[PDB]
Amino acid sequence: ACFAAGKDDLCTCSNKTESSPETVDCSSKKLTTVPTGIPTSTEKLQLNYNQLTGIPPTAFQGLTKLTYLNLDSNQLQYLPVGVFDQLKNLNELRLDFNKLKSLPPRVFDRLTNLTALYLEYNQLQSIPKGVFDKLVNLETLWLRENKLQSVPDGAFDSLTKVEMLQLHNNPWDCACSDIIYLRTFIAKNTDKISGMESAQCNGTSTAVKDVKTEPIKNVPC
């Protein structure tokens, strides 16, 4: 990917600047695997717009100084467990436009300095319990365009610095008991979190925030 720091190989490999980080740009390189050769000093890693089908548990091995990781627009089917656990210094993480159906438990749990998380345009059929519990520094959360029908109770409850929470184009089941946490959550926090009020019930026009809950409170999923 790079020959050394600031030394282009497969990828565009620039050094830090009085104003920019040491960045490795492997974007749009038609890559089917994660290249070895990325310097452990890398701060910003771009692997967007390639053909990755999966991620080797060893990919991001030494990269303990990464603040930005872009994995948008690949063919990711799964993420291995604990894949990001060594990237403790990450602020931004991008996984939009892949084929994720689920997420490994505690996947984001070591990414405590995360301020931005992009999970759009996948096929997530569920999220894990507590998957966002550790992300106390998170400001933006993008979950638009997946297969979610509900979120676990309290999913968002540690995200006290979130400013934007994008939620539409998710098939929310507004007729099952599980929607209730979300219904109340958006109704409570819509002045301080953006993008929630677009939330639309599956197969209808009715907004998720407007759902009567008392009537569905014992109807489970």
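Read-outs throughout are calculated quantities, based only on the coordinates presented, and are distinct from any laboratory measurement. Here the Cβ is made from the backbone with ideal geometry for all residues, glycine too, and neighbour counts use every protein chain on show.
A protection proxy built from the mean count of other Cβ atoms within 10 Å ranks the segments 105-117, 10-22, most packed first, as 105-117, 10-22.
Label positions at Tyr49 and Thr184, each projected 7 Å from the Cα along the C-beta direction, are separated by 4.5 nm. Counting only DSSP beta bridges whose two residues both lie in the chain, roughly 25 percent are antiparallel. The angle between the Cα long axis of helix 180-189 and the main principal axis of the chain comes to about 80°, on a 0 to 90 degree scale.
Between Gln86 and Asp153, the FRET efficiency estimated from the beta carbon spacing at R0 = 30 angstrom works out to 0.50. For the range 39-48, putting each phi into the Karplus relation 6.51 cos²θ - 1.76 cosθ + 1.60 with θ = phi - 60° gives couplings of x, 5, 8, 5, 10, 10, 10, 10, 10, 7 Hz, in residue order, rounded to whole numbers and with x for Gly and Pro. Helical content alone sets the calculated 222 nm signal of the chain at -1500 deg cm²/dmol, taking -39,500 (n - 2.57) per DSSP H segment of four or more residues and averaging over every residue. Taking Cβ atoms as reference points and 13 Å as the exclusive limit, the residues near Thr190 contribute a net charge of 0, counting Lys and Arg as +1 and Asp and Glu as -1. Counting every C-alpha pair in the chain, the share spaced more than 30 angstrom apart comes to 28%.
Under the criterion of Cα pairs below 8 Å and six or more residues apart, the relative contact order for the chain equals 10 percent. Once the Cα-Cα distance is subtracted from the 0.36 nm per residue extended length, the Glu139 to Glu214 segment shows a gain of 23.9 nm.
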